[PDB]
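**Student:** Below is structure-v8.cif; it holds mmCIF, N, CA, C and O atoms.
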data_start
#
loop_
_atom_site.label_atom_id
_atom_site.label_comp_id
_atom_site.auth_asym_id
_atom_site.auth_seq_id
_atom_site.Cartn_x
_atom_site.Cartn_y
_atom_site.Cartn_z
N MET F 1 -17.66 104.67 137.60
CA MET F 1 -18.72 103.69 137.39
C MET F 1 -19.44 103.38 138.70
O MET F 1 -18.85 103.49 139.78
N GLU F 2 -20.70 102.97 138.61
CA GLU F 2 -21.52 102.75 139.79
C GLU F 2 -22.12 101.35 139.76
O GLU F 2 -22.04 100.62 138.77
N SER F 3 -22.72 100.98 140.90
CA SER F 3 -23.41 99.71 141.06
C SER F 3 -24.58 99.94 141.99
O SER F 3 -24.42 100.49 143.08
N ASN F 4 -25.76 99.51 141.55
CA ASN F 4 -26.94 99.60 142.39
C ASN F 4 -27.12 98.37 143.26
O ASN F 4 -27.60 98.49 144.41
N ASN F 5 -26.72 97.19 142.75
CA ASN F 5 -26.98 95.91 143.39
C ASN F 5 -25.71 95.16 143.75
O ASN F 5 -25.76 93.96 144.04
N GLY F 6 -24.58 95.86 143.76
CA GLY F 6 -23.34 95.34 144.29
C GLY F 6 -22.58 96.48 144.94
O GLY F 6 -23.16 97.54 145.19
N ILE F 7 -21.30 96.29 145.20
CA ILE F 7 -20.48 97.40 145.67
C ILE F 7 -19.29 97.53 144.74
O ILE F 7 -18.99 96.63 143.96
N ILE F 8 -18.64 98.69 144.80
CA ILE F 8 -17.43 99.00 144.05
C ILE F 8 -16.26 98.93 145.01
O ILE F 8 -16.32 99.49 146.11
N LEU F 9 -15.21 98.21 144.61
CA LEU F 9 -14.01 98.10 145.42
C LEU F 9 -12.81 98.19 144.47
O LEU F 9 -12.94 98.00 143.26
N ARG F 10 -11.65 98.52 145.03
CA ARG F 10 -10.41 98.59 144.25
C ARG F 10 -9.71 97.25 144.30
O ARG F 10 -9.56 96.66 145.37
N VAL F 11 -9.30 96.75 143.13
CA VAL F 11 -8.60 95.46 143.06
C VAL F 11 -7.22 95.58 143.69
O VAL F 11 -6.46 96.50 143.38
N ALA F 12 -6.89 94.62 144.56
CA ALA F 12 -5.55 94.47 145.11
C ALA F 12 -5.09 93.03 144.92
O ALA F 12 -5.90 92.12 144.71
N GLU F 13 -3.77 92.83 144.99
CA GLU F 13 -3.22 91.51 144.70
C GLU F 13 -3.65 90.51 145.77
O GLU F 13 -3.98 90.87 146.90
N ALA F 14 -3.65 89.24 145.38
CA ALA F 14 -4.10 88.20 146.28
C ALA F 14 -3.18 88.09 147.50
O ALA F 14 -1.99 88.44 147.44
N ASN F 15 -3.74 87.63 148.61
CA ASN F 15 -2.89 87.14 149.68
C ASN F 15 -2.11 85.93 149.17
O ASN F 15 -2.58 85.19 148.29
N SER F 16 -0.90 85.75 149.70
CA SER F 16 0.04 84.83 149.08
C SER F 16 -0.47 83.39 149.07
O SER F 16 -0.12 82.62 148.16
N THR F 17 -1.32 83.03 150.03
CA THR F 17 -1.93 81.70 150.13
C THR F 17 -3.08 81.48 149.15
O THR F 17 -3.61 80.36 149.07
N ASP F 18 -3.46 82.49 148.38
CA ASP F 18 -4.73 82.46 147.65
C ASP F 18 -4.68 81.99 146.20
O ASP F 18 -5.65 81.36 145.76
N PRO F 19 -3.65 82.31 145.41
CA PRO F 19 -3.74 82.05 143.96
C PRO F 19 -4.20 80.63 143.65
O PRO F 19 -3.83 79.67 144.33
N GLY F 20 -5.06 80.52 142.63
CA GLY F 20 -5.61 79.26 142.18
C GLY F 20 -6.71 78.68 143.04
O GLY F 20 -7.15 77.56 142.77
N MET F 21 -7.18 79.40 144.05
CA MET F 21 -8.17 78.86 144.96
C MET F 21 -9.53 79.55 144.81
O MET F 21 -10.43 79.28 145.57
N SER F 22 -9.63 80.44 143.83
CA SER F 22 -10.87 81.16 143.52
C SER F 22 -11.38 81.92 144.75
O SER F 22 -12.57 81.90 145.08
N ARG F 23 -10.46 82.60 145.43
CA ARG F 23 -10.79 83.33 146.64
C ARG F 23 -11.01 84.80 146.33
O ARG F 23 -10.38 85.37 145.44
N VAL F 24 -11.93 85.41 147.08
CA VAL F 24 -12.26 86.83 146.95
C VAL F 24 -12.21 87.39 148.37
O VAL F 24 -13.14 87.19 149.16
N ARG F 25 -11.13 88.09 148.70
CA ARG F 25 -10.95 88.65 150.04
C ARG F 25 -11.78 89.92 150.21
O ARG F 25 -11.60 90.90 149.48
N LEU F 26 -12.70 89.90 151.18
CA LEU F 26 -13.58 91.02 151.47
C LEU F 26 -13.54 91.32 152.95
O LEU F 26 -13.53 90.40 153.78
N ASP F 27 -13.54 92.61 153.29
CA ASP F 27 -13.54 92.98 154.70
C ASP F 27 -14.94 92.87 155.30
O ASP F 27 -15.92 92.48 154.64
N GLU F 28 -15.04 93.17 156.60
CA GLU F 28 -16.30 92.98 157.30
C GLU F 28 -17.37 93.90 156.75
O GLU F 28 -18.52 93.49 156.55
N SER F 29 -17.01 95.15 156.47
CA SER F 29 -17.96 96.12 155.94
C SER F 29 -18.52 95.67 154.60
O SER F 29 -19.73 95.71 154.36
N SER F 30 -17.64 95.23 153.70
CA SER F 30 -18.06 94.76 152.39
C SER F 30 -18.97 93.55 152.50
O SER F 30 -20.02 93.49 151.86
N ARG F 31 -18.57 92.57 153.32
CA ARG F 31 -19.40 91.38 153.47
C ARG F 31 -20.76 91.74 154.03
O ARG F 31 -21.78 91.18 153.59
N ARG F 32 -20.81 92.68 154.97
CA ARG F 32 -22.09 93.06 155.55
C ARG F 32 -22.98 93.75 154.52
O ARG F 32 -24.17 93.43 154.40
N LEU F 33 -22.41 94.70 153.77
CA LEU F 33 -23.18 95.39 152.74
C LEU F 33 -23.77 94.43 151.71
O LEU F 33 -24.88 94.66 151.20
N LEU F 34 -23.06 93.35 151.40
CA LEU F 34 -23.48 92.37 150.40
C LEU F 34 -24.31 91.24 150.98
O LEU F 34 -24.79 90.40 150.22
N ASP F 35 -24.49 91.20 152.30
CA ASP F 35 -25.01 90.03 153.00
C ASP F 35 -24.32 88.76 152.52
O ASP F 35 -24.95 87.78 152.11
N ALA F 36 -22.99 88.78 152.56
CA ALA F 36 -22.17 87.67 152.09
C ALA F 36 -21.50 86.98 153.28
O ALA F 36 -20.72 87.61 154.00
N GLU F 37 -21.79 85.70 153.47
CA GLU F 37 -21.02 84.92 154.43
C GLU F 37 -19.72 84.45 153.80
O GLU F 37 -19.59 84.33 152.58
N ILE F 38 -18.74 84.15 154.66
CA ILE F 38 -17.56 83.44 154.19
C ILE F 38 -18.03 82.19 153.46
O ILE F 38 -18.88 81.45 153.95
N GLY F 39 -17.51 81.98 152.25
CA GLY F 39 -17.90 80.85 151.44
C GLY F 39 -18.99 81.13 150.44
O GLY F 39 -19.21 80.31 149.55
N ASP F 40 -19.67 82.27 150.55
CA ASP F 40 -20.68 82.64 149.57
C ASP F 40 -20.03 82.89 148.21
O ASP F 40 -18.93 83.43 148.12
N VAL F 41 -20.74 82.54 147.14
CA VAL F 41 -20.25 82.79 145.78
C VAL F 41 -20.52 84.24 145.41
O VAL F 41 -21.63 84.75 145.59
N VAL F 42 -19.48 84.92 144.91
CA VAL F 42 -19.60 86.30 144.44
C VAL F 42 -19.02 86.39 143.04
O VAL F 42 -18.30 85.50 142.58
N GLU F 43 -19.35 87.49 142.37
CA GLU F 43 -18.85 87.82 141.05
C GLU F 43 -18.06 89.11 141.13
O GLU F 43 -18.43 90.03 141.86
N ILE F 44 -16.96 89.15 140.38
CA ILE F 44 -16.18 90.36 140.17
C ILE F 44 -16.35 90.73 138.71
O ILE F 44 -16.23 89.87 137.83
N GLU F 45 -16.67 91.99 138.45
CA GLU F 45 -17.07 92.44 137.13
C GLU F 45 -16.32 93.70 136.76
O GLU F 45 -16.25 94.64 137.56
N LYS F 46 -15.70 93.68 135.58
CA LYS F 46 -15.22 94.90 134.93
C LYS F 46 -15.51 94.79 133.44
O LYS F 46 -16.63 95.09 133.01
N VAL F 47 -14.55 94.35 132.64
CA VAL F 47 -14.88 94.07 131.24
C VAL F 47 -15.75 92.82 131.15
O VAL F 47 -16.73 92.77 130.40
N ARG F 48 -15.40 91.80 131.93
CA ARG F 48 -16.10 90.53 132.01
C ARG F 48 -16.44 90.23 133.47
O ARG F 48 -16.11 91.01 134.38
N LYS F 49 -17.02 89.05 133.69
CA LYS F 49 -17.39 88.55 135.01
C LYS F 49 -16.57 87.31 135.34
O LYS F 49 -16.43 86.42 134.50
N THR F 50 -16.02 87.27 136.55
CA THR F 50 -15.39 86.07 137.07
C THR F 50 -16.04 85.73 138.41
O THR F 50 -16.56 86.61 139.10
N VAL F 51 -16.01 84.46 138.78
CA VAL F 51 -16.72 83.99 139.95
C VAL F 51 -15.73 83.39 140.96
O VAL F 51 -14.66 82.91 140.58
N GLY F 52 -16.05 83.51 142.25
CA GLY F 52 -15.23 82.95 143.31
C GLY F 52 -15.97 82.98 144.63
O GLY F 52 -17.12 83.43 144.71
N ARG F 53 -15.32 82.49 145.68
CA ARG F 53 -15.95 82.41 146.99
C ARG F 53 -15.37 83.44 147.95
O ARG F 53 -14.17 83.76 147.91
N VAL F 54 -16.23 83.95 148.84
CA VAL F 54 -15.82 85.00 149.76
C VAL F 54 -14.83 84.44 150.78
O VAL F 54 -15.03 83.35 151.34
N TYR F 55 -13.76 85.18 151.02
CA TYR F 55 -12.78 84.84 152.04
C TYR F 55 -12.59 86.05 152.94
O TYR F 55 -12.62 87.19 152.48
N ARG F 56 -12.39 85.79 154.23
CA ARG F 56 -12.24 86.87 155.21
C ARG F 56 -10.96 87.65 154.96
O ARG F 56 -9.86 87.08 155.01
N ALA F 57 -11.10 88.94 154.69
CA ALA F 57 -9.93 89.79 154.54
C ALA F 57 -9.19 89.90 155.87
O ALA F 57 -9.79 89.78 156.94
N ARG F 58 -7.89 90.13 155.78
CA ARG F 58 -7.06 90.20 156.96
C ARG F 58 -7.21 91.55 157.65
O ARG F 58 -7.62 92.53 157.04
N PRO F 59 -6.88 91.62 158.95
CA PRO F 59 -7.18 92.83 159.72
C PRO F 59 -6.66 94.12 159.11
O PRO F 59 -7.35 95.14 159.16
N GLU F 60 -5.47 94.09 158.50
CA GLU F 60 -4.90 95.30 157.93
C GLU F 60 -5.74 95.87 156.79
O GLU F 60 -5.65 97.07 156.52
N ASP F 61 -6.54 95.04 156.11
CA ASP F 61 -7.35 95.51 154.99
C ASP F 61 -8.73 96.01 155.41
O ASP F 61 -9.46 96.53 154.56
N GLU F 62 -9.10 95.87 156.68
CA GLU F 62 -10.41 96.29 157.12
C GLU F 62 -10.62 97.78 156.86
O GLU F 62 -9.78 98.61 157.22
N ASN F 63 -11.72 98.11 156.19
CA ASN F 63 -12.16 99.48 155.91
C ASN F 63 -11.27 100.19 154.91
O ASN F 63 -11.25 101.43 154.88
N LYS F 64 -10.57 99.46 154.07
CA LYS F 64 -9.73 100.05 153.04
C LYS F 64 -10.33 99.98 151.64
O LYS F 64 -9.67 100.39 150.69
N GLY F 65 -11.55 99.46 151.49
CA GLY F 65 -12.23 99.47 150.20
C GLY F 65 -11.54 98.70 149.09
O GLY F 65 -11.53 99.14 147.93
N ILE F 66 -10.96 97.54 149.42
CA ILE F 66 -10.26 96.74 148.42
C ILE F 66 -10.87 95.34 148.38
O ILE F 66 -11.50 94.87 149.32
N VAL F 67 -10.67 94.69 147.23
CA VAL F 67 -10.94 93.28 147.07
C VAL F 67 -9.67 92.63 146.53
O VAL F 67 -9.06 93.15 145.59
N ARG F 68 -9.27 91.51 147.14
CA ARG F 68 -8.08 90.79 146.71
C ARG F 68 -8.49 89.57 145.90
O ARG F 68 -9.20 88.69 146.40
N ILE F 69 -8.05 89.54 144.65
CA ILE F 69 -8.22 88.41 143.74
C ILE F 69 -6.90 88.27 142.98
O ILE F 69 -6.23 89.26 142.69
N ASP F 70 -6.56 87.02 142.64
CA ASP F 70 -5.27 86.71 142.05
C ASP F 70 -5.23 87.11 140.57
O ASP F 70 -6.23 87.53 139.98
N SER F 71 -4.06 86.92 139.95
CA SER F 71 -3.85 87.40 138.59
C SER F 71 -4.75 86.72 137.57
O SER F 71 -5.16 87.36 136.59
N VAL F 72 -5.06 85.43 137.76
CA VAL F 72 -5.95 84.74 136.82
C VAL F 72 -7.34 85.36 136.86
O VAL F 72 -7.98 85.57 135.81
N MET F 73 -7.84 85.63 138.05
CA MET F 73 -9.17 86.20 138.21
C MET F 73 -9.22 87.62 137.68
O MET F 73 -10.20 88.02 137.05
N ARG F 74 -8.14 88.38 137.92
CA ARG F 74 -8.04 89.72 137.35
C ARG F 74 -8.08 89.67 135.83
O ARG F 74 -8.80 90.46 135.20
N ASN F 75 -7.32 88.75 135.23
CA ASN F 75 -7.39 88.57 133.78
C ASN F 75 -8.80 88.17 133.34
O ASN F 75 -9.32 88.71 132.36
N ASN F 76 -9.42 87.22 134.05
CA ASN F 76 -10.75 86.74 133.67
C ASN F 76 -11.77 87.88 133.65
O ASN F 76 -12.57 88.00 132.72
N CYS F 77 -11.78 88.70 134.69
CA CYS F 77 -12.77 89.78 134.73
C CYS F 77 -12.32 91.02 133.98
O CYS F 77 -13.16 91.85 133.63
N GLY F 78 -11.02 91.14 133.71
CA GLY F 78 -10.51 92.26 132.94
C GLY F 78 -10.19 93.50 133.74
O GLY F 78 -10.58 94.60 133.37
N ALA F 79 -9.47 93.32 134.85
CA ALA F 79 -9.09 94.40 135.73
C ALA F 79 -7.61 94.29 136.04
O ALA F 79 -7.03 93.20 136.03
N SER F 80 -7.01 95.44 136.32
CA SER F 80 -5.63 95.53 136.79
C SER F 80 -5.63 95.91 138.26
O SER F 80 -6.64 96.38 138.79
N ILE F 81 -4.48 95.70 138.92
CA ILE F 81 -4.36 96.09 140.32
C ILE F 81 -4.60 97.58 140.45
O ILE F 81 -4.04 98.38 139.70
N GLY F 82 -5.45 97.95 141.40
CA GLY F 82 -5.82 99.34 141.57
C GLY F 82 -7.05 99.77 140.80
O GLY F 82 -7.54 100.88 141.04
N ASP F 83 -7.56 98.95 139.88
CA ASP F 83 -8.78 99.30 139.16
C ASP F 83 -10.00 99.17 140.06
O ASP F 83 -10.02 98.40 141.03
N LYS F 84 -11.03 99.95 139.74
CA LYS F 84 -12.35 99.74 140.32
C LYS F 84 -13.01 98.52 139.68
O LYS F 84 -12.95 98.35 138.46
N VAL F 85 -13.62 97.68 140.51
CA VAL F 85 -14.44 96.57 140.03
C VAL F 85 -15.75 96.56 140.80
O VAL F 85 -15.86 97.05 141.93
N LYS F 86 -16.75 95.96 140.16
CA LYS F 86 -18.03 95.65 140.79
C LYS F 86 -17.91 94.30 141.49
O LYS F 86 -17.47 93.32 140.88
N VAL F 87 -18.31 94.24 142.75
CA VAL F 87 -18.43 92.98 143.47
C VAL F 87 -19.91 92.72 143.72
O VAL F 87 -20.61 93.58 144.27
N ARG F 88 -20.38 91.54 143.33
CA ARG F 88 -21.80 91.21 143.42
C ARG F 88 -21.97 89.83 144.04
O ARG F 88 -21.37 88.86 143.58
N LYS F 89 -22.81 89.73 145.08
CA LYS F 89 -23.25 88.42 145.54
C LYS F 89 -24.05 87.70 144.44
O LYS F 89 -24.95 88.29 143.84
N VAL F 90 -23.70 86.44 144.16
CA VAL F 90 -24.51 85.64 143.24
C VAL F 90 -25.79 85.23 143.95
O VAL F 90 -25.77 84.49 144.94
N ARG F 91 -26.92 85.69 143.45
CA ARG F 91 -28.18 85.43 144.15
C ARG F 91 -28.77 84.08 143.77
O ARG F 91 -29.39 83.45 144.63
#
Starting from the file, give its structure as structure tokens.
**Tutor:**
Amino acid sequence: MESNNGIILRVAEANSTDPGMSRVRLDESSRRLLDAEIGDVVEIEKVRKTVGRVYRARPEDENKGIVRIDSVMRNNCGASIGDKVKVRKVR
């Protein structure tokens, strides 16, 4: 699947501090491609759309093409760990 106005990333599990906080961990490359500041509202899309705020991914995840969202958000958007999802800045 493709995206013209967002990016595609692989879903990974939340950082342990994240569940229930509507956080979307994105690396520097992803944030730059999306023109997303920390705190910007983004959407994760697969079967459905879920919304959350951008959080700085940790150094080990830089340039690994992943987005970290917790199990509730994965259920909301309809993705499993390792699935491709669309990440979109809410304009």
**Student:** Which residues are close to residue 40 (chain F), i.e. within 12 Å by only C-alpha atoms, leaving aside same-chain residues fewer than 5 positions away? Reply as a PyMOL selection string.
**Tutor:** chain F and resi 22-26+31+34-35+51-56+88-91
**Student:** Just need the box for region 85-90 of chain F, edges along x, y and z, holding every atom the file lists for it with 8 Å tacked onto each side, so centre and edge lengths in Å to one decimal, as AutoDock Vina command-line options.
**Tutor:**
--center_x -19.7 --center_y 91.1 --center_z 142.8 --size_x 28.2 --size_y 29.2 --size_z 21.5
**Student:** Report the residues of chain F whose backbone DSSP state falls under strand (DSSP E), written as a PyMOL selection string.
**Tutor:** chain F and resi 7-12+23-26+41-45+49-56+66-68+84-89
**Student:** Please write the residues from the selection above to a file, keeping N, CA, C and O atoms, as a short mmCIF file (atom, residue, chain, number, x, y, z; two decimals), keeping the file's coordinate frame.
**Tutor:**
data_model
loop_
_atom_site.label_atom_id
_atom_site.label_comp_id
_atom_site.auth_asym_id
_atom_site.auth_seq_id
_atom_site.Cartn_x
_atom_site.Cartn_y
_atom_site.Cartn_z
N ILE F 7 -21.30 96.29 145.20
CA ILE F 7 -20.48 97.40 145.67
C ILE F 7 -19.29 97.53 144.74
O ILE F 7 -18.99 96.63 143.96
N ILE F 8 -18.64 98.69 144.80
CA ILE F 8 -17.43 99.00 144.05
C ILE F 8 -16.26 98.93 145.01
O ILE F 8 -16.32 99.49 146.11
N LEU F 9 -15.21 98.21 144.61
CA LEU F 9 -14.01 98.10 145.42
C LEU F 9 -12.81 98.19 144.47
O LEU F 9 -12.94 98.00 143.26
N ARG F 10 -11.65 98.52 145.03
CA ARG F 10 -10.41 98.59 144.25
C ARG F 10 -9.71 97.25 144.30
O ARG F 10 -9.56 96.66 145.37
N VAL F 11 -9.30 96.75 143.13
CA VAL F 11 -8.60 95.46 143.06
C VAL F 11 -7.22 95.58 143.69
O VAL F 11 -6.46 96.50 143.38
N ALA F 12 -6.89 94.62 144.56
CA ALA F 12 -5.55 94.47 145.11
C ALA F 12 -5.09 93.03 144.92
O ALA F 12 -5.90 92.12 144.71
N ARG F 23 -10.46 82.60 145.43
CA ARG F 23 -10.79 83.33 146.64
C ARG F 23 -11.01 84.80 146.33
O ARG F 23 -10.38 85.37 145.44
N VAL F 24 -11.93 85.41 147.08
CA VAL F 24 -12.26 86.83 146.95
C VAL F 24 -12.21 87.39 148.37
O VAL F 24 -13.14 87.19 149.16
N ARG F 25 -11.13 88.09 148.70
CA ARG F 25 -10.95 88.65 150.04
C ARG F 25 -11.78 89.92 150.21
O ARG F 25 -11.60 90.90 149.48
N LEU F 26 -12.70 89.90 151.18
CA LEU F 26 -13.58 91.02 151.47
C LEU F 26 -13.54 91.32 152.95
O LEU F 26 -13.53 90.40 153.78
N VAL F 41 -20.74 82.54 147.14
CA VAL F 41 -20.25 82.79 145.78
C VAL F 41 -20.52 84.24 145.41
O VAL F 41 -21.63 84.75 145.59
N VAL F 42 -19.48 84.92 144.91
CA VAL F 42 -19.60 86.30 144.44
C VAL F 42 -19.02 86.39 143.04
O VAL F 42 -18.30 85.50 142.58
N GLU F 43 -19.35 87.49 142.37
CA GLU F 43 -18.85 87.82 141.05
C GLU F 43 -18.06 89.11 141.13
O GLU F 43 -18.43 90.03 141.86
N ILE F 44 -16.96 89.15 140.38
CA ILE F 44 -16.18 90.36 140.17
C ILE F 44 -16.35 90.73 138.71
O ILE F 44 -16.23 89.87 137.83
N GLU F 45 -16.67 91.99 138.45
CA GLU F 45 -17.07 92.44 137.13
C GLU F 45 -16.32 93.70 136.76
O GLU F 45 -16.25 94.64 137.56
N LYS F 49 -17.02 89.05 133.69
CA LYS F 49 -17.39 88.55 135.01
C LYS F 49 -16.57 87.31 135.34
O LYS F 49 -16.43 86.42 134.50
N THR F 50 -16.02 87.27 136.55
CA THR F 50 -15.39 86.07 137.07
C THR F 50 -16.04 85.73 138.41
O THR F 50 -16.56 86.61 139.10
N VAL F 51 -16.01 84.46 138.78
CA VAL F 51 -16.72 83.99 139.95
C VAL F 51 -15.73 83.39 140.96
O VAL F 51 -14.66 82.91 140.58
N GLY F 52 -16.05 83.51 142.25
CA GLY F 52 -15.23 82.95 143.31
C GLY F 52 -15.97 82.98 144.63
O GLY F 52 -17.12 83.43 144.71
N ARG F 53 -15.32 82.49 145.68
CA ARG F 53 -15.95 82.41 146.99
C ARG F 53 -15.37 83.44 147.95
O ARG F 53 -14.17 83.76 147.91
N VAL F 54 -16.23 83.95 148.84
CA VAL F 54 -15.82 85.00 149.76
C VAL F 54 -14.83 84.44 150.78
O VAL F 54 -15.03 83.35 151.34
N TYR F 55 -13.76 85.18 151.02
CA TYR F 55 -12.78 84.84 152.04
C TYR F 55 -12.59 86.05 152.94
O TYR F 55 -12.62 87.19 152.48
N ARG F 56 -12.39 85.79 154.23
CA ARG F 56 -12.24 86.87 155.21
C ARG F 56 -10.96 87.65 154.96
O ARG F 56 -9.86 87.08 155.01
N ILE F 66 -10.96 97.54 149.42
CA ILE F 66 -10.26 96.74 148.42
C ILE F 66 -10.87 95.34 148.38
O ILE F 66 -11.50 94.87 149.32
N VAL F 67 -10.67 94.69 147.23
CA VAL F 67 -10.94 93.28 147.07
C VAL F 67 -9.67 92.63 146.53
O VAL F 67 -9.06 93.15 145.59
N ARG F 68 -9.27 91.51 147.14
CA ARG F 68 -8.08 90.79 146.71
C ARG F 68 -8.49 89.57 145.90
O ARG F 68 -9.20 88.69 146.40
N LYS F 84 -11.03 99.95 139.74
CA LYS F 84 -12.35 99.74 140.32
C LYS F 84 -13.01 98.52 139.68
O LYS F 84 -12.95 98.35 138.46
N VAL F 85 -13.62 97.68 140.51
CA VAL F 85 -14.44 96.57 140.03
C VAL F 85 -15.75 96.56 140.80
O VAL F 85 -15.86 97.05 141.93
N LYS F 86 -16.75 95.96 140.16
CA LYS F 86 -18.03 95.65 140.79
C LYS F 86 -17.91 94.30 141.49
O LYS F 86 -17.47 93.32 140.88
N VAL F 87 -18.31 94.24 142.75
CA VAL F 87 -18.43 92.98 143.47
C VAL F 87 -19.91 92.72 143.72
O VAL F 87 -20.61 93.58 144.27
N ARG F 88 -20.38 91.54 143.33
CA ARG F 88 -21.80 91.21 143.42
C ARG F 88 -21.97 89.83 144.04
O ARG F 88 -21.37 88.86 143.58
N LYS F 89 -22.81 89.73 145.08
CA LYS F 89 -23.25 88.42 145.54
C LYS F 89 -24.05 87.70 144.44
O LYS F 89 -24.95 88.29 143.84
#
**Student:** Please write as a count of residues only the full residue list that the PyMOL selection byres ((chain F and resi 45) around 7) yields on this file.
**Tutor:** 14
**Student:** Which one is closest to residue 12 (chain F): F:33, F:73, F:38, F:81? Count all atoms listed in the file.
**Tutor:**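 Of all the options, F:81 lies closest to residue 12 (chain F).
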**Student:** With only C-alpha atoms as the counted atoms, please give the residues lying no more than 9 Å from residue 15 (chain F), apart from itself and same-chain residues fewer than 3 positions off, as a ChimeraX atom specification.
**Tutor:** /F:18-19,25,57-58,68-70
**Student:** Tell me which protein, DNA and RNA residues are within 7 Å of residue 10 (chain F), counting only C-alpha atoms, leaving out same-chain ones fewer than 4 positions away, and put them as a list in words.
**Tutor:**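 Counting only the stated atoms, we get residues 65, 66, 67, 82, 83, 84 and 85 of chain F.
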**Student:** Return as a list in words the full set of residues in chain F whose backbone-based DSSP assignment is alpha helix (DSSP H).
**Tutor:**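 Matching residues, listed in order: residues 28, 29, 30, 31, 32, 33, 34, 71, 72, 73, 74, 75, 76 and 77 of chain F.
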**Student:** For the residues in the current selection, export N, CA, C and O atoms as a JSON list (two decimals), in the frame of the given file.
**Tutor:**
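Now in selection-v5.json:
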[["chain", "number", "residue", "atom", "x", "y", "z"],
["F", 28, "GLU", "N", -15.04, 93.17, 156.60],
["F", 28, "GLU", "CA", -16.30, 92.98, 157.30],
["F", 28, "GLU", "C", -17.37, 93.90, 156.75],
["F", 28, "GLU", "O", -18.52, 93.49, 156.55],
["F", 29, "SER", "N", -17.01, 95.15, 156.47],
["F", 29, "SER", "CA", -17.96, 96.12, 155.94],
["F", 29, "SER", "C", -18.52, 95.67, 154.60],
["F", 29, "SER", "O", -19.73, 95.71, 154.36],
["F", 30, "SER", "N", -17.64, 95.23, 153.70],
["F", 30, "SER", "CA", -18.06, 94.76, 152.39],
["F", 30, "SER", "C", -18.97, 93.55, 152.50],
["F", 30, "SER", "O", -20.02, 93.49, 151.86],
["F", 31, "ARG", "N", -18.57, 92.57, 153.32],
["F", 31, "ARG", "CA", -19.40, 91.38, 153.47],
["F", 31, "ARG", "C", -20.76, 91.74, 154.03],
["F", 31, "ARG", "O", -21.78, 91.18, 153.59],
["F", 32, "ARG", "N", -20.81, 92.68, 154.97],
["F", 32, "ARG", "CA", -22.09, 93.06, 155.55],
["F", 32, "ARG", "C", -22.98, 93.75, 154.52],
["F", 32, "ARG", "O", -24.17, 93.43, 154.40],
["F", 33, "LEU", "N", -22.41, 94.70, 153.77],
["F", 33, "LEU", "CA", -23.18, 95.39, 152.74],
["F", 33, "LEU", "C", -23.77, 94.43, 151.71],
["F", 33, "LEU", "O", -24.88, 94.66, 151.20],
["F", 34, "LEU", "N", -23.06, 93.35, 151.40],
["F", 34, "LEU", "CA", -23.48, 92.37, 150.40],
["F", 34, "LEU", "C", -24.31, 91.24, 150.98],
["F", 34, "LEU", "O", -24.79, 90.40, 150.22],
["F", 71, "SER", "N", -4.06, 86.92, 139.95],
["F", 71, "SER", "CA", -3.85, 87.40, 138.59],
["F", 71, "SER", "C", -4.75, 86.72, 137.57],
["F", 71, "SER", "O", -5.16, 87.36, 136.59],
["F", 72, "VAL", "N", -5.06, 85.43, 137.76],
["F", 72, "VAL", "CA", -5.95, 84.74, 136.82],
["F", 72, "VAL", "C", -7.34, 85.36, 136.86],
["F", 72, "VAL", "O", -7.98, 85.57, 135.81],
["F", 73, "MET", "N", -7.84, 85.63, 138.05],
["F", 73, "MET", "CA", -9.17, 86.20, 138.21],
["F", 73, "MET", "C", -9.22, 87.62, 137.68],
["F", 73, "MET", "O", -10.20, 88.02, 137.05],
["F", 74, "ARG", "N", -8.14, 88.38, 137.92],
["F", 74, "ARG", "CA", -8.04, 89.72, 137.35],
["F", 74, "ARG", "C", -8.08, 89.67, 135.83],
["F", 74, "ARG", "O", -8.80, 90.46, 135.20],
["F", 75, "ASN", "N", -7.32, 88.75, 135.23],
["F", 75, "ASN", "CA", -7.39, 88.57, 133.78],
["F", 75, "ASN", "C", -8.80, 88.17, 133.34],
["F", 75, "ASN", "O", -9.32, 88.71, 132.36],
["F", 76, "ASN", "N", -9.42, 87.22, 134.05],
["F", 76, "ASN", "CA", -10.75, 86.74, 133.67],
["F", 76, "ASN", "C", -11.77, 87.88, 133.65],
["F", 76, "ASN", "O", -12.57, 88.00, 132.72],
["F", 77, "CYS", "N", -11.78, 88.70, 134.69],
["F", 77, "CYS", "CA", -12.77, 89.78, 134.73],
["F", 77, "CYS", "C", -12.32, 91.02, 133.98],
["F", 77, "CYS", "O", -13.16, 91.85, 133.63]]
**Student:** Report, in Å to a single decimal, how far apart CA of residue 1 (chain F) and CA of residue 39 (chain F) are.
**Tutor:**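 Here the two named atoms are 26.8 Å from each other.
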